[PDB]
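Two forms of the same protein chain are encoded below as structure tokens; each is given separately, as structure 1 and structure 2.
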Structure 1
């Protein structure tokens, strides 16, 4: 299945769009004149200067540095280029949810990176609200608890699985079995800029043991800590900006899976960029049957498996912001590499520090495809 509940998504989408009003009370165009190389700070100033947010709902008229293009197409570029910045953890406002993940979460230390952080979150919410209002997608994916918080839905243990399987399986184990052999206490490690702090989940938590009686409270507190309690001013600031463009009661017709799709579309890896920036070693080359089989097998995979493949080889499911040319390994720049290795009766292997697939020279297309899918799973 590819878009479960699509009947209902489109029904909500039609209703939503009818309920959105374009005021006739406003200028014909909202204009922006920007430099690609300075898009984040320039858009912040322009968007945060406006005092009547209804003027933002005018037809977007964005120009970079050129006049002869479609304005919808250019707005779509602006949204894409600016997403790439807003969501770049370099700014300290968002961070990747784990090293192997591409999904973003609010950085709880945002106010330490930037005294005016809440102003920035408001700006970001204004831009997300603007995107939905004008029917554009953002380029980036937030963790599932972010969408839930936008909708005022409670964050749960099941929200942990998509973010951190290992940790979800541990907490699920505790929920389903007597925790006492684990010797856990109501405190957790919090790492802030390379420094670790033991923080109490509850008063004098560090001295309270987790038992069959209190383990559910323990799980709730951890989940609060992990997703909620540290970022409420951020999220509140983000929601103030978002709802300057969209009434929260309209957006709340969507559930959290529908909201992600509406805001962000579907995740995938660009195979053409991938293929153009890969290197072959130990006897492989672009025309080699094994390599041509390889790329066709990659193209035949679903989005999710391609992502799993990328993570299998590189250690992460994220693609550098400037695409595969800028792929990095353990010791600096390292393009994605396929090296002839092993016997055709072995499965492929990876050296993640080198972004390197060790790929045996299989004897047919179908064998390669089957052995590769198995390795990926």
Structure 2
């Protein structure tokens, strides 16, 4: 909407209060190569969370500029799935969800979720942003809103259609029970969706309850302690009822920002090889196609060609490959019956010289879906 976001937002900021009895600065000295654990110890050791509300003075090894760098660099670690706190929401998604097994991965996980909540609340309090993509139900769960069948669609559209089919048709032929196969670390477990579930049969009369229980199992039930710890840290800087003037789309914008790629900055810093030029026709068709796609598609295209969903903090001028700087590169390759190819370690798109715009567009889209 964005028009209503700005009105609410100005109201929101005016209501936020800096207490008068805290130091006028919150100092951190950090090493970039240990940014996560150091920011964690510093921030989780304070006696009084409200001191986080002061001006941030941060040094690695302009203060507002170092603070920007800190928010960005710390987001890359806080939202790094290697630590097992968050995980990709599907094999073909760039969005993150809470790992229900985060506890097995690291026994201190709740303290880190609380920390990440604190940093997120701290970004917002200071009018700054973290950098990352969470699944939409995460923001609904922050607001206490019920998660529903329609919420499944942006995460897993096939499972969404499967459950919508059940809603709209007689499911008897399916022989379903209130059992569900849960997979953890390659192994499959049967879990009851409700007590005695595997011996309760899904029928036209109870299938709505079944669908709801599947949704709760998918997104809610297994991550409550982690989500609750995140919210503890998030509300330690921001009152919850103040937060709740925002809907879930607005909350994401407030926390994690736009979620889209600047096509202009992208274009104005790409390199072309083997015939291609800024005004060559195939190239103009490429950037016209990129303009016409939505956010999800621009992000999936970025991921397809660079291996990551994240745009560099200072835009595409500072894009990196595997061996230092590496601008986005499109080079002529193959023949128009070919789908384009990507070399992620070097941010390179192998793009056939298609004959029409429409053909490039369908072939570019198809290559993107076809990658995982």
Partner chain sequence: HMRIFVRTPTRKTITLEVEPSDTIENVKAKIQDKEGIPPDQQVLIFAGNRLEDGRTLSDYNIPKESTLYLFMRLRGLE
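Just so we're on the same page, rigid core means the largest C-alpha set that superposes within 1.5 Å between forms. Positions refer to the first chain, counted from 1.
Legend: structure 2 corresponds to the form deposited with the partner chain bound, while structure 1 does not. Only 306, out of 226, 306, 215, 148, shows a C-alpha shift of 2 Å or more between structures 1 and 2 on alignment of the rigid core. Here the chain moves as two rigid blocks between structures 1 and 2; the smaller block's rotation against the larger, from C-alpha superpositions, is 44°. In this core superposition, residue 349 moves its Cα by 8.6 Å between structures 1 and 2. With both forms fitted on their core, the C-alpha atom of residue 293 sits 4.7 Å from where it sits in the other form; this compares the forms between structures 1 and 2. Taking the core as the reference frame, the CA atom of residue 204 shifts 2.3 angstrom between structures 1 and 2.
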